[PDB]
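Here is query-v7.txt, consisting of compact mmCIF, N, CA, C and O atoms:
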# COMPACT_ATOMS: atom_id res chain seq x y z
N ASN A 347 8.50 173.52 1.53
CA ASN A 347 9.81 173.00 1.86
C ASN A 347 9.83 171.52 1.53
O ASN A 347 9.33 171.08 0.50
N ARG A 348 10.41 170.75 2.44
CA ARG A 348 10.18 169.32 2.50
C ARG A 348 9.57 169.02 3.86
O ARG A 348 10.22 169.22 4.90
N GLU A 349 8.33 168.56 3.89
CA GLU A 349 7.63 168.51 5.16
C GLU A 349 7.74 167.13 5.78
O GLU A 349 8.39 166.96 6.82
N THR A 350 7.15 166.13 5.12
CA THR A 350 7.12 164.69 5.45
C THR A 350 6.82 164.39 6.92
O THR A 350 7.29 163.37 7.43
N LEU A 351 6.06 165.24 7.62
CA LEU A 351 6.06 165.19 9.07
C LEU A 351 4.84 164.45 9.61
O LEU A 351 4.39 164.71 10.73
N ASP A 352 4.31 163.51 8.83
CA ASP A 352 3.19 162.69 9.30
C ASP A 352 3.76 161.65 10.28
O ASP A 352 4.69 160.91 9.94
N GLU A 353 3.20 161.59 11.49
CA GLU A 353 3.72 160.74 12.56
C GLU A 353 3.23 159.32 12.35
O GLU A 353 2.22 159.10 11.66
N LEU A 354 3.95 158.36 12.92
CA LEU A 354 3.62 156.94 12.82
C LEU A 354 2.94 156.49 14.11
O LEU A 354 2.93 157.23 15.10
N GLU A 355 2.38 155.29 14.08
CA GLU A 355 1.68 154.76 15.25
C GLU A 355 2.61 153.98 16.16
O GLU A 355 3.84 154.08 16.07
N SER A 356 2.00 153.21 17.06
CA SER A 356 2.77 152.54 18.11
C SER A 356 2.82 151.03 17.90
O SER A 356 3.02 150.29 18.87
N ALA A 357 2.63 150.56 16.65
CA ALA A 357 2.64 149.15 16.24
C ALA A 357 1.61 148.34 17.02
O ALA A 357 1.98 147.61 17.95
N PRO A 358 0.32 148.48 16.70
CA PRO A 358 -0.72 147.95 17.59
C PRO A 358 -0.83 146.43 17.59
O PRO A 358 0.01 145.73 17.01
N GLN A 359 -1.87 145.94 18.26
CA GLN A 359 -2.04 144.51 18.46
C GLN A 359 -2.32 143.79 17.15
O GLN A 359 -3.22 144.15 16.39
N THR A 360 -1.52 142.76 16.90
CA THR A 360 -1.61 141.97 15.69
C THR A 360 -2.11 140.58 16.04
O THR A 360 -1.33 139.74 16.49
N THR A 361 -3.40 140.34 15.80
CA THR A 361 -4.04 139.09 16.16
C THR A 361 -4.20 138.24 14.91
O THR A 361 -4.01 138.73 13.80
N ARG A 362 -4.49 136.96 15.10
CA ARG A 362 -4.82 136.10 13.98
C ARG A 362 -6.34 135.97 13.89
O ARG A 362 -7.01 135.76 14.90
N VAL A 363 -6.87 136.12 12.68
CA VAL A 363 -8.31 136.12 12.45
C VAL A 363 -8.62 135.36 11.18
O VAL A 363 -7.99 135.57 10.14
N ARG A 364 -9.59 134.46 11.28
CA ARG A 364 -10.07 133.71 10.13
C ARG A 364 -10.85 134.65 9.22
O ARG A 364 -12.06 134.82 9.36
N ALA A 365 -10.13 135.26 8.28
CA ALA A 365 -10.73 136.01 7.19
C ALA A 365 -10.39 135.28 5.91
O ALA A 365 -9.86 134.17 5.94
N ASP A 366 -10.71 135.89 4.79
CA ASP A 366 -10.68 135.18 3.52
C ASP A 366 -9.82 135.96 2.54
O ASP A 366 -10.14 137.11 2.21
N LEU A 367 -8.75 135.34 2.06
CA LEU A 367 -7.76 136.00 1.22
C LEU A 367 -7.72 135.39 -0.17
O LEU A 367 -7.63 134.17 -0.31
N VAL A 368 -7.78 136.24 -1.19
CA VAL A 368 -7.45 135.85 -2.56
C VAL A 368 -6.48 136.88 -3.11
O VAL A 368 -6.23 137.91 -2.48
N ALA A 369 -5.93 136.59 -4.28
CA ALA A 369 -5.05 137.53 -4.96
C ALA A 369 -5.53 137.71 -6.40
O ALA A 369 -5.79 136.74 -7.10
N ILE A 370 -5.66 138.97 -6.82
CA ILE A 370 -6.07 139.30 -8.17
C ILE A 370 -4.92 140.04 -8.83
O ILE A 370 -4.80 141.26 -8.68
N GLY A 371 -4.09 139.30 -9.55
CA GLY A 371 -2.97 139.93 -10.25
C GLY A 371 -1.91 140.38 -9.27
O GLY A 371 -1.37 139.59 -8.49
N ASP A 372 -1.62 141.68 -9.30
CA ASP A 372 -0.64 142.26 -8.39
C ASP A 372 -1.22 142.51 -7.01
O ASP A 372 -0.45 142.66 -6.06
N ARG A 373 -2.54 142.57 -6.89
CA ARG A 373 -3.20 143.03 -5.68
C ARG A 373 -3.82 141.85 -4.94
O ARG A 373 -4.15 140.83 -5.55
N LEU A 374 -3.97 142.02 -3.64
CA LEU A 374 -4.37 140.95 -2.77
C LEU A 374 -5.53 141.43 -1.91
O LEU A 374 -5.33 142.23 -0.99
N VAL A 375 -6.72 140.93 -2.20
CA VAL A 375 -7.97 141.50 -1.75
C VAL A 375 -8.68 140.48 -0.87
O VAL A 375 -8.52 139.27 -1.07
N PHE A 376 -9.42 140.96 0.14
CA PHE A 376 -10.34 140.10 0.86
C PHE A 376 -11.50 139.64 -0.01
O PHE A 376 -11.73 140.17 -1.10
N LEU A 377 -12.23 138.67 0.48
CA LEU A 377 -13.59 138.41 0.02
C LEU A 377 -14.47 138.44 1.25
O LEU A 377 -14.08 137.96 2.32
N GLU A 378 -15.65 139.03 1.12
CA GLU A 378 -16.57 139.16 2.22
C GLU A 378 -18.00 139.04 1.71
O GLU A 378 -18.42 139.82 0.86
N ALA A 379 -18.72 138.04 2.21
CA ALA A 379 -20.15 137.91 1.99
C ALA A 379 -20.82 137.95 3.36
O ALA A 379 -20.79 136.96 4.09
N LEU A 380 -21.41 139.09 3.69
CA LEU A 380 -21.77 139.40 5.07
C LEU A 380 -23.24 139.10 5.32
O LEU A 380 -23.98 139.98 5.76
N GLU A 381 -23.65 137.86 5.10
CA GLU A 381 -25.05 137.52 5.33
C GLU A 381 -25.16 136.65 6.56
O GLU A 381 -25.91 136.96 7.49
N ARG A 382 -24.42 135.54 6.58
CA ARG A 382 -24.49 134.64 7.71
C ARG A 382 -23.73 135.20 8.90
O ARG A 382 -23.98 134.81 10.05
N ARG A 383 -22.81 136.13 8.66
CA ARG A 383 -22.07 136.73 9.77
C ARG A 383 -22.89 137.80 10.46
O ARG A 383 -23.22 137.67 11.65
N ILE A 384 -23.24 138.87 9.76
CA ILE A 384 -23.72 140.06 10.45
C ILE A 384 -25.20 140.32 10.19
O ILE A 384 -25.81 141.14 10.89
N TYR A 385 -25.79 139.65 9.20
CA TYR A 385 -27.16 139.94 8.80
C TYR A 385 -28.07 138.73 8.84
O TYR A 385 -29.02 138.67 8.06
N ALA A 386 -27.79 137.76 9.70
CA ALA A 386 -28.46 136.47 9.58
C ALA A 386 -29.92 136.56 10.00
O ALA A 386 -30.83 136.34 9.19
N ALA A 387 -30.17 136.89 11.26
CA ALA A 387 -31.52 136.97 11.77
C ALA A 387 -31.94 138.40 12.04
O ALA A 387 -32.91 138.64 12.76
N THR A 388 -31.24 139.37 11.44
CA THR A 388 -31.35 140.74 11.92
C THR A 388 -32.55 141.45 11.33
O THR A 388 -32.95 142.51 11.82
N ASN A 389 -33.12 140.89 10.26
CA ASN A 389 -34.27 141.40 9.52
C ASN A 389 -34.03 142.81 8.99
O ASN A 389 -34.90 143.68 9.15
N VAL A 390 -32.87 143.06 8.40
CA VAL A 390 -32.58 144.30 7.68
C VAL A 390 -31.96 143.89 6.35
O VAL A 390 -31.10 143.01 6.32
N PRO A 391 -32.40 144.46 5.22
CA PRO A 391 -31.95 143.96 3.91
C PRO A 391 -30.48 144.25 3.64
O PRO A 391 -29.92 145.24 4.10
N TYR A 392 -29.88 143.36 2.86
CA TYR A 392 -28.47 143.46 2.51
C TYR A 392 -28.30 144.63 1.55
O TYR A 392 -29.09 144.77 0.61
N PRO A 393 -27.32 145.51 1.76
CA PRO A 393 -27.30 146.74 0.96
C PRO A 393 -26.80 146.53 -0.45
O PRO A 393 -27.02 147.40 -1.31
N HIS B 100 -32.90 133.28 20.51
CA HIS B 100 -32.64 134.69 20.77
C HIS B 100 -32.00 135.28 19.52
O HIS B 100 -31.07 134.71 18.96
N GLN B 101 -32.51 136.43 19.09
CA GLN B 101 -32.07 137.04 17.84
C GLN B 101 -31.26 138.29 18.13
O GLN B 101 -31.54 138.99 19.11
N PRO B 102 -30.28 138.63 17.29
CA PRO B 102 -29.61 139.92 17.45
C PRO B 102 -30.43 141.04 16.84
O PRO B 102 -31.54 140.82 16.35
N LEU B 103 -29.87 142.24 16.86
CA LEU B 103 -30.40 143.35 16.08
C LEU B 103 -29.28 144.28 15.67
O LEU B 103 -28.16 144.20 16.18
N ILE B 104 -29.61 145.18 14.76
CA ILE B 104 -28.68 146.16 14.20
C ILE B 104 -29.31 147.53 14.31
O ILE B 104 -30.49 147.71 13.97
N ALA B 105 -28.54 148.50 14.79
CA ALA B 105 -29.06 149.85 14.97
C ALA B 105 -29.28 150.53 13.64
O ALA B 105 -28.39 150.58 12.79
N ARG B 106 -30.47 151.09 13.46
CA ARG B 106 -30.85 151.79 12.24
C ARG B 106 -30.65 153.28 12.47
O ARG B 106 -30.88 153.77 13.58
N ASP B 107 -30.23 154.00 11.43
CA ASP B 107 -29.80 155.39 11.57
C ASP B 107 -30.83 156.32 10.96
O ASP B 107 -30.88 156.48 9.74
N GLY B 108 -31.63 156.95 11.81
CA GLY B 108 -32.44 158.06 11.38
C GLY B 108 -33.92 157.74 11.25
O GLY B 108 -34.55 157.22 12.17
N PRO B 109 -34.49 158.03 10.08
CA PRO B 109 -35.94 157.94 9.88
C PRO B 109 -36.44 156.51 9.69
O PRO B 109 -37.01 156.15 8.66
N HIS B 110 -36.21 155.68 10.69
CA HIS B 110 -36.73 154.33 10.73
C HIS B 110 -37.31 154.10 12.11
O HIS B 110 -36.96 154.82 13.05
N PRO B 111 -38.21 153.13 12.27
CA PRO B 111 -38.56 152.70 13.62
C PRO B 111 -37.36 152.04 14.29
O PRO B 111 -36.47 151.50 13.63
N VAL B 112 -37.33 152.10 15.62
CA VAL B 112 -36.19 151.59 16.35
C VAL B 112 -36.39 150.11 16.64
O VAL B 112 -37.40 149.68 17.22
N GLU B 113 -35.40 149.31 16.25
CA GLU B 113 -35.43 147.86 16.41
C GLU B 113 -35.06 147.49 17.83
O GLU B 113 -33.95 147.78 18.29
N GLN B 114 -35.99 146.86 18.54
CA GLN B 114 -35.81 146.34 19.89
C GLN B 114 -35.72 144.82 19.84
O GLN B 114 -36.23 144.21 18.90
N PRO B 115 -35.04 144.17 20.80
CA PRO B 115 -34.73 142.74 20.63
C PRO B 115 -35.95 141.86 20.76
O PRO B 115 -36.99 142.29 21.26
N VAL B 116 -35.82 140.62 20.31
CA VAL B 116 -36.90 139.66 20.38
C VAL B 116 -36.37 138.37 20.96
O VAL B 116 -35.17 138.08 20.88
N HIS B 117 -37.25 137.60 21.59
CA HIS B 117 -36.97 136.25 22.02
C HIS B 117 -38.15 135.42 21.57
O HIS B 117 -39.30 135.82 21.76
N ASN B 118 -37.89 134.29 20.93
CA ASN B 118 -38.96 133.48 20.39
C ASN B 118 -38.98 132.13 21.11
O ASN B 118 -37.95 131.46 21.21
N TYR B 119 -40.15 131.76 21.61
CA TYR B 119 -40.33 130.53 22.36
C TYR B 119 -41.44 129.74 21.70
O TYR B 119 -42.58 130.22 21.63
N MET B 120 -41.13 128.55 21.22
CA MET B 120 -42.17 127.60 20.84
C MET B 120 -41.79 126.22 21.34
O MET B 120 -40.66 125.78 21.17
N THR B 121 -42.75 125.55 21.97
CA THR B 121 -42.58 124.19 22.43
C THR B 121 -43.08 123.22 21.36
O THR B 121 -43.95 123.57 20.56
N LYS B 122 -42.51 122.02 21.34
CA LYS B 122 -42.86 121.01 20.35
C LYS B 122 -43.33 119.77 21.06
O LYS B 122 -42.79 119.42 22.11
N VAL B 123 -44.33 119.09 20.51
CA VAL B 123 -44.98 117.96 21.17
C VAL B 123 -44.53 116.69 20.48
O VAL B 123 -44.37 116.67 19.26
N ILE B 124 -44.32 115.62 21.25
CA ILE B 124 -43.69 114.42 20.71
C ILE B 124 -44.71 113.57 19.96
O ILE B 124 -45.81 113.31 20.45
N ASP B 125 -44.33 113.12 18.77
CA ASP B 125 -45.06 112.05 18.11
C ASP B 125 -44.77 110.72 18.77
O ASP B 125 -43.62 110.38 19.05
N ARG B 126 -45.82 109.93 18.98
CA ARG B 126 -45.72 108.60 19.55
C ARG B 126 -46.13 107.60 18.48
O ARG B 126 -47.02 107.88 17.68
N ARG B 127 -45.49 106.43 18.48
CA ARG B 127 -45.77 105.40 17.49
C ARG B 127 -45.28 104.06 18.02
O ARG B 127 -44.30 104.00 18.77
N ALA B 128 -45.96 102.99 17.64
CA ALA B 128 -45.61 101.65 18.10
C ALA B 128 -45.37 100.73 16.91
O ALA B 128 -46.15 100.69 15.96
N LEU B 129 -44.28 99.97 16.99
CA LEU B 129 -43.89 99.03 15.95
C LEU B 129 -44.30 97.62 16.35
O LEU B 129 -43.95 97.16 17.44
N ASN B 130 -45.01 96.93 15.46
CA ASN B 130 -45.47 95.57 15.72
C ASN B 130 -44.66 94.59 14.89
O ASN B 130 -44.27 94.91 13.76
N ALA B 131 -44.40 93.41 15.45
CA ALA B 131 -43.69 92.33 14.77
C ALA B 131 -43.95 91.05 15.54
O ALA B 131 -43.92 91.05 16.77
N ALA B 132 -44.19 89.95 14.83
CA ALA B 132 -44.54 88.69 15.47
C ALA B 132 -43.53 87.62 15.11
O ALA B 132 -42.70 87.83 14.23
N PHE B 133 -43.61 86.50 15.81
CA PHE B 133 -42.95 85.26 15.40
C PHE B 133 -43.75 84.13 16.05
O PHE B 133 -44.03 84.14 17.24
N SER B 134 -44.16 83.17 15.23
CA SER B 134 -45.03 82.12 15.72
C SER B 134 -44.22 80.92 16.18
O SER B 134 -42.99 80.93 16.17
N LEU B 135 -44.94 79.88 16.59
CA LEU B 135 -44.36 78.62 17.02
C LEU B 135 -45.44 77.54 16.98
O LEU B 135 -46.49 77.69 17.61
N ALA B 136 -45.18 76.47 16.25
CA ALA B 136 -46.21 75.47 15.99
C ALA B 136 -46.36 74.50 17.15
O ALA B 136 -45.52 74.43 18.05
N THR B 137 -47.42 73.70 17.09
CA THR B 137 -47.89 72.94 18.25
C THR B 137 -46.96 71.78 18.58
O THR B 137 -46.65 71.54 19.75
N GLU B 138 -46.50 71.05 17.57
CA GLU B 138 -45.57 69.96 17.83
C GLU B 138 -44.19 70.48 18.20
O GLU B 138 -43.36 69.75 18.75
N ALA B 139 -43.92 71.75 17.89
CA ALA B 139 -42.64 72.33 18.27
C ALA B 139 -42.63 72.74 19.73
O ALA B 139 -41.57 72.81 20.36
N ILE B 140 -43.81 73.02 20.30
CA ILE B 140 -43.91 73.42 21.70
C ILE B 140 -43.54 72.27 22.61
O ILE B 140 -42.70 72.42 23.50
N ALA B 141 -44.12 71.10 22.37
CA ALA B 141 -44.01 69.99 23.29
C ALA B 141 -42.61 69.39 23.29
O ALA B 141 -42.20 68.72 24.24
N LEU B 142 -41.85 69.63 22.22
CA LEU B 142 -40.46 69.20 22.22
C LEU B 142 -39.61 70.08 23.12
O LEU B 142 -38.83 69.57 23.93
N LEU B 143 -39.75 71.40 22.98
CA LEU B 143 -38.80 72.28 23.64
C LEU B 143 -39.06 72.37 25.14
O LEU B 143 -38.12 72.45 25.93
N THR B 144 -40.33 72.34 25.54
CA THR B 144 -40.66 72.44 26.96
C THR B 144 -40.54 71.11 27.68
O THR B 144 -40.74 71.06 28.89
N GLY B 145 -40.19 70.05 26.97
CA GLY B 145 -40.16 68.75 27.58
C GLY B 145 -41.56 68.16 27.65
O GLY B 145 -42.52 68.70 27.10
N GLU B 146 -41.66 67.02 28.33
CA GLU B 146 -42.84 66.19 28.50
C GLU B 146 -43.40 65.71 27.16
O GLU B 146 -44.60 65.47 27.07
N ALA B 147 -42.58 65.62 26.12
CA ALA B 147 -42.91 64.85 24.93
C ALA B 147 -41.69 64.14 24.38
O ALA B 147 -41.77 63.53 23.30
N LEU B 148 -40.56 64.20 25.08
CA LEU B 148 -39.37 63.46 24.70
C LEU B 148 -39.61 61.98 24.92
O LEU B 148 -40.37 61.60 25.81

I'd like the structure from this file rewritten - as structure tokens, please.
Amino acid sequence: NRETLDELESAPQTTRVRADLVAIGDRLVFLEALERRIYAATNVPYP
Amino acid sequence: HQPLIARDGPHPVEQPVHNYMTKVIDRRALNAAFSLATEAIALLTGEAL
């Protein structure tokens, strides 16, 4: 038929966060280098 | 104090660590002089005016 019956959410919490934004052409992508953030002293190699 | 990250499956399990090292102070003394000549003494302290 025509289904289109995927439900929407409840407009969740929108916080401000220092992340890193660039734009490549039409698309707008993060940049993430996760060494000093999540892997600093953890002694597990970067994947 | 260090964090850790949970490893999934066939690895040893990472438990936390705390590292303590004390450091000992270096000591050092700086020397510097300034002289004063003999005829200059008797003028400033008096009893040669």

Of the listed residues A:363, A:384, A:379, A:369, that which approaches chain B most closely, counting only N, CA, C and O atoms: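 Residue with the minimum atom-to-atom distance to chain B: A:384.
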
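Taking only N, CA, C and O atoms into account, chain B lies nearest to A:386 out of the set A:386, A:393, A:374, A:351.
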
Proximal residues of chain A relative to chain B (only C-alpha atoms; 10 Å) as a VMD selection string: chain A and resid 384 to 390

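Pairwise distance (atom CA of residue 365 of chain A, atom N of residue 377 of chain A) equals 7.4 Å.
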
Gap from atom CA of residue 359 of chain A to atom CA of residue 372 of chain A - Å, one decimal: 27.0 Å

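The coordinates place atom C of residue 362 of chain A at 18.1 Å from atom CA of residue 380 of chain A.
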
Enclose segment 122-129 of chain B, meaning all of its atoms listed in the file, in a box aligned along x, y and z, pad it by 6 Å on each side, and list the centre and edge lengths in Å to one decimal, as JSON.
{"center_x": -44.8, "center_y": 109.6, "center_z": 19.0, "size_x": 16.5, "size_y": 36.9, "size_z": 18.2}
